[PDB]
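Participant: Here's a structure for you.
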Amino acid sequence: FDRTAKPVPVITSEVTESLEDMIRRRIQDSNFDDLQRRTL
Amino acid sequence: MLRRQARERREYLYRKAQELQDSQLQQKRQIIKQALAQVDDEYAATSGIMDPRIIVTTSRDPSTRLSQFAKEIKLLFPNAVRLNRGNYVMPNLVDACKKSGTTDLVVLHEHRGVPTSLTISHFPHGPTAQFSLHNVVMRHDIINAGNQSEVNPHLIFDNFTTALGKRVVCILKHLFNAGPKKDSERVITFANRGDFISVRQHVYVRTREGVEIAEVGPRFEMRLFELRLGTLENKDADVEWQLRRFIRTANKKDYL
Amino acid sequence: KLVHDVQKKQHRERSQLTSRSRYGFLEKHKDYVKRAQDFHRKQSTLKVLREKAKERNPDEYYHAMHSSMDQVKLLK
Amino acid sequence: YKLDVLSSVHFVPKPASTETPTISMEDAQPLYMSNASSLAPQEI
Amino acid sequence: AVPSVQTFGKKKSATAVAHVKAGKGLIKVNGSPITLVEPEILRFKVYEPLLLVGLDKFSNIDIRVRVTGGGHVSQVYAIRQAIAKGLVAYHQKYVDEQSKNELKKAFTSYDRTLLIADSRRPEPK
Amino acid sequence: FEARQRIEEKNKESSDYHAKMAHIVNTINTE
Amino acid sequence: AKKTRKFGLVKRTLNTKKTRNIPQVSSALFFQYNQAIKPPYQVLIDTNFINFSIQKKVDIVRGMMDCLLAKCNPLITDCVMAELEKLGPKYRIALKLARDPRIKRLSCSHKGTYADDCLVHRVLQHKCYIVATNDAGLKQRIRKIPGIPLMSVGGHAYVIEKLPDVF
Amino acid sequence: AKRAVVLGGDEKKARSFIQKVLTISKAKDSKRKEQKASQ
RNA sequence: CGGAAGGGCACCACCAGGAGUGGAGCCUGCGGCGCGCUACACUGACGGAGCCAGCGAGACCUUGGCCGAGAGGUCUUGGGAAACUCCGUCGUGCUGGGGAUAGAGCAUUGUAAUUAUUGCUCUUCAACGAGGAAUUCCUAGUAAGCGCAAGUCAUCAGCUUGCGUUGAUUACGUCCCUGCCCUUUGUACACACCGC
Ligand SMILES: [Zn+2]
């Protein structure tokens with residue numbers, strides 16, 4: 001049969017390795033979004 | 001003062017309508033912007049000027065597991081205070097928070113000890129986002145591992161694309177603290193993978209060669225399902241975005 | 001343009017289960033959309049009234065604020 | 001001036017009206033305080 | 001007409017409407033005399049303003065109180081608030097303001113929440 | 001788990017069909 | 001009426017809401033037929049029609065007989081005659097042409113010299129004339145008027161449009 | 001409420017008649033209006 | 001790369017307390033871990049009597065009349081909760097707290113397999129005798145107690161979410177400990193203070 005909504009994704013080792021590798025890339029680049037202080 | 005709140009919510013409705021019309025006008029003018037060759041309104045008035053303060057509060061007569069989770073969210077955020085609602089009505093609650101002067105509210109709901117809902121409200125007649133949070137794992141659930149470092153944290157946002165993603169990243173960004181240090185130690189990550197955003201705390205040191213992170217904090221996937229214009233007292237304010245479940249493309253549509 | 005009439009045939013709608021005729025008149029989509037339109041109208045007017053009562057502004061001064069059974073009926 | 005006339009509650013007058021040796025009537029110092037004495041020892 | 005004056009007492013969710021007029025000197029609550037209030041221990045908590053100020057003023061004054069809302073303790077506190085507000089309002093209106101001020105001083109030197117409501121609004125830390 | 005796998009399979013086949021029809025109509029318009 | 005008050009009232013508007021004279025049809029008209037047009041015809045002449053007839057060398061009476069195969073009485077109003085006279089010296093030939101013992105003139109009672117309005121009102125009131133022209137605005141107005149034959153000048157002789165019995 | 005009046009015979013049945021005629025005319029008017037709305 | 005000094009914060013600290021979890025029974029999310037509920041009685045149990053709310057408005061609920069101990073059924077009408085307060089019985093005995101289990105009976109619901117379920121009556125009276133190692137949360141209309149309503153696209157139906165009722169003991173100081181953070185160029189502008 002058919003379903004009606006997105007199934008909640010189970011966390012596995014592969015996706016958490018991909019995610020920590022993404023964070024590794026972000027930190028190594030030191031390019032990440034922050035709320036920088038307003039000037040003037 | 002009630003007349004003040006009524007007048008200000010009416011002006012806020014008009015300002016949001018004007019911003020919608022001007023954003024459609026900007027989408028029209030973008031085609032010209034590629035021929036020759038920014039934050040929200042409330043978070044613009046208080047973008048980096050004042051630092052925010054949040055009140056994280058339980059639902060009502062909460063269990064010990066929910067209270068532990070509320071304490072965990074309080075430790076995740078900086079400038080948070082934990083609040084135990086017992087016999088506070090919702091109008092008096094948001095009235096006391098407005099009167100005290102509080103940037104935002106985070107109220108939690110659970111099911112038999114398992115947290116499942118989290119609603120955030122910006123307080124000067126700001127928007128309320130209702131998330132459903134599913135896959136909760138707490139520090140209390142893991143182990144005695146020490147304590148959160150509580151330093152002003154860095155932020156990371158992955159795969160936020162549409163205007164809804166911009167709204168959400170602006171809301172969460174201004175829940176966090178403004179102007180962190182360069183060598184700030186803990187970084188909060190907000191990953192987006194098909195409408196199921198996931199948050200993690202991570203400390204990192206730069207090695208002799210690269211970076212090495214340790215995962216700490218809570219661990220849970222949340223997913224937005226409402227964004228109301230007024231504060232959460234109303235339950236009659238206009239809806240800016242509403243998750244549609246019984247539509248045909250419900251299991252295929254992303255950011256909806 | 002190019003269509004047989006048997007292609008244009010007709011399709012009848014079947015009725016409620018005869019074993020379940022206590023609950024009557026199995027409702028189809030036309031009845032559903034009528035019911036939904038009426039309920040939407042009621043919800044709209046109720047939201048309007050709740051908004052007005054939220055913005056009563058209690059200083060309004062309007063000048064109008066200065067104001068046997070058959071035998072009983074006949075006598076009254 | 002016109003806007004304060006309209007929106008104020010109490011009486012407000014017209015502000016003002018718009019060579020030779022001139023006298024300044026209002027003096028922003030007690031008139032026997034020398035300028036060096038008004039200057040702080042840190043700023044000199 | 002007859003000189004009358006209406007006041008309101010408000011505990012947590014107990015409203016107490018109090019009509020005060022000149023009369024024989026009777027104090028009636030919900031159609032019953034004041035000597036038959038409900039919890040039988042807070043009867044003196046509701047006699048408090050009468051015995052504070054004396055009984056001659058109430059001998060001159062008629063009083064009818066009706067009460068809605070709130071539990072037992074909340075209702076008793078609303079009754080005593082409505083009685084004190086009604087008595088000092090009638091004294092402010094139809095007899096001397098010096099006796100109004102004497103009554104206000106006596107009541108607010110005993111317990112200020114006789115007169116003015118104690119709305120226990122929240123606060124964060 | 002079966003719901004997850006079935007949703008994935010349906011999305012894959014729909015993407016393949018859409019690519020195939022885009023290619024067919026492209027060949028029609030250019031040939 | 002402020003702009004925010006206007007927006008609020010519009011939002012509340014959306015939420016809340018969610019003698020005479022009828023001129024008789026002439027007794028001459030089966031649905032579009034105009035059965036009161038039988039020969040000999042009566043044809044209302046216009047200025048542009050006269051000038052284009054001069055340009056294409058067709059005679060009025062005889063070229064009109066060649067068109068309709070019946071005798072036609074052309075009629076000129078005072079508005080049309082005045083438009084000819086005001087056009088004046090370059091159209092002297094058109095004036096001497098329209099001044100003729102067979103062109104039966106018919107008077108009018110109008111304040112002005114708008115031949116288009118004179119002819120449109122004539123045709124609205126009677127529906128026994130056929131109109132002769134070459135002008136596009138008058139053509140469009142009379143084509144919207146139901147049951148009235150239009151006769152333009154074009155090509156080598158006249159053309160007739162809304163008559164059933166063209167032949 | 002209305003005015004309680006006492007009626008004898010012909011006037012009572014005549015008021016019954018005029019109620020009947022009003023109801024007939026309301027029904028026909030509503031049906032004609034509905035037909036015009038469909039058109 | 002490391003240390004020192006000065007300073008702030010924290011029911012992840014100290015200090016003073018409260019209330020739980022872990023013991024029994026039931027329920028329920030995780031695969032042994034965890035969350036709720038009821039008990040272990042005298043600040044009580046039981047019997048009479050008194051009575052006070054709020055949130056809520058998409059063959060149904062019903063006022064009233066009847067009979068039946070009850071459960072219930074029958075005939076008619078339109079589209080006000082508990083804890084609590086008073087009087088009284090019991091009195092320290094796993095006793096009358098407790099109601100698991102079992103038996104019998106009476107009625108309702110679907111239906112037809114002598115099917116399943118619900119509610120009531122009588123009898124039977126188990127564990128539980130204040131819960132180790134440990135562990136969690138909390139500073140005012142807060143902790144805790146008590147019920148009522150609604151299910152208004154996610155989550156929930158021996159549950160979630162609102163709502164009213166009753167309403168406290170103890171800190172409100174200190175960086176002493178356990179941590180976390182900030183600074184070690186006043187930079188800024190008077191008086192004062194400090195001065196690698
Ligand atoms: Zn004319």
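Residue numbering restarts at 1 for every chain of the structure tokens, chains are lettered A, B, ... in their displayed order, and ligands are numbered from 1 as they appear.
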Can you tell me which residues sit at most 12 Å away from ligand 1, counting only C-alpha atoms (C1' of nucleotides) and all ligand atoms, written as a ChimeraX atom specification?

Facilitator: /G:44-46,75-83,105-123

Participant: With a cut-off of 10 Å, could you pull out the residues of range 126-215 of chain B touching range 5-26 of chain A and give me the nearest pair of atoms for each, distance in Å to one decimal, using only C-alpha atoms, ordered by chain and ascending number, as a Markdown table?

Facilitator:
```
| residue | atom | partner | partner_atom | distance |
| --- | --- | --- | --- | --- |
| B:134 | CA | A:8 | CA | 8.0 |
| B:135 | CA | A:10 | CA | 8.4 |
| B:156 | CA | A:26 | CA | 7.8 |
| B:157 | CA | A:23 | CA | 9.8 |
| B:158 | CA | A:22 | CA | 8.6 |
| B:187 | CA | A:23 | CA | 9.2 |
| B:188 | CA | A:23 | CA | 9.9 |
| B:189 | CA | A:23 | CA | 7.7 |
| B:191 | CA | A:19 | CA | 7.8 |
| B:193 | CA | A:9 | CA | 9.3 |
| B:194 | CA | A:6 | CA | 9.1 |
| B:195 | CA | A:6 | CA | 9.1 |
| B:196 | CA | A:8 | CA | 7.8 |
| B:198 | CA | A:19 | CA | 10.0 |
| B:200 | CA | A:20 | CA | 9.8 |
| B:202 | CA | A:23 | CA | 9.0 |
| B:204 | CA | A:24 | CA | 8.9 |
| B:210 | CA | A:24 | CA | 8.5 |
| B:211 | CA | A:24 | CA | 6.3 |
| B:212 | CA | A:24 | CA | 7.3 |
| B:213 | CA | A:24 | CA | 7.5 |
| B:214 | CA | A:20 | CA | 9.4 |
| B:215 | CA | A:20 | CA | 8.8 |
```

Participant: Just to be explicit: take each residue in the selection above, keep C-alpha atoms, and write the result as a JSON list (two decimals), in the first residue's frame.

Facilitator:
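part-v4.json was written with the following content:
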```json
[["chain", "number", "residue", "atom", "x", "y", "z"],
["B", 134, "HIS", "CA", 11.41, 13.33, 17.96],
["B", 135, "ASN", "CA", 14.74, 11.61, 18.53],
["B", 156, "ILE", "CA", 26.61, 26.23, 11.90],
["B", 157, "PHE", "CA", 23.63, 25.97, 9.54],
["B", 158, "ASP", "CA", 23.59, 23.42, 6.72],
["B", 187, "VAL", "CA", 29.74, 25.05, 18.14],
["B", 188, "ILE", "CA", 26.05, 24.25, 17.73],
["B", 189, "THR", "CA", 25.20, 22.59, 14.42],
["B", 191, "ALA", "CA", 21.86, 20.30, 9.83],
["B", 193, "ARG", "CA", 18.21, 16.86, 5.61],
["B", 194, "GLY", "CA", 14.78, 16.79, 3.99],
["B", 195, "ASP", "CA", 12.72, 18.90, 6.43],
["B", 196, "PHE", "CA", 14.24, 17.11, 9.46],
["B", 198, "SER", "CA", 19.03, 18.05, 13.60],
["B", 200, "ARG", "CA", 24.25, 18.78, 18.02],
["B", 202, "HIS", "CA", 30.34, 19.92, 19.45],
["B", 204, "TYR", "CA", 36.60, 21.18, 18.65],
["B", 210, "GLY", "CA", 43.37, 19.56, 11.36],
["B", 211, "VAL", "CA", 40.25, 19.62, 13.51],
["B", 212, "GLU", "CA", 38.88, 17.04, 15.94],
["B", 213, "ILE", "CA", 35.39, 17.31, 17.38],
["B", 214, "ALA", "CA", 33.67, 15.77, 20.37],
["B", 215, "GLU", "CA", 29.91, 15.37, 20.27]]
```

Participant: Compute the set of chain B residues within 12 Å of chain F, using only C-alpha atoms, and express it as a list in words.

Facilitator: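 Residues satisfying the distance criterion: residues 249, 250, 251, 252 and 253 of chain B.
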
Participant: How many Å separate CA of residue 63 in chain B from CA of residue 230 in chain B?

Facilitator: 29.0 Å

Participant: What's around residue 164 in chain I at 10 Å? Count only C-alpha atoms (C1' of nucleotides), leave out sequence neighbours fewer than 3 positions away in its own chain, and write the answer as an MDAnalysis selection string.

Facilitator: (chainID B and resid 87) or (chainID E and resid 13 69:71) or (chainID I and resid 53:55 81 147:148)

Participant: So that I can see what lies close to residue 141 in chain B, please list as an NGL selection string the residues with an atom at most 12 Å from it, counting only C-alpha atoms (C1' of nucleotides) and leaving out residues fewer than 6 positions away in the same chain.

Facilitator: (:B and (65-66 or 68-69 or 72 or 113-114 or 216-219)) or (:I and (30 or 33-34 or 136))

Participant: Run DSSP on the backbone of this structure and report the residues of range 1-110 of chain E it assigns to strand (DSSP E), as a PyMOL selection string.

Facilitator: chain E and resi 4-10+15-22+27-29+32-33+61-68
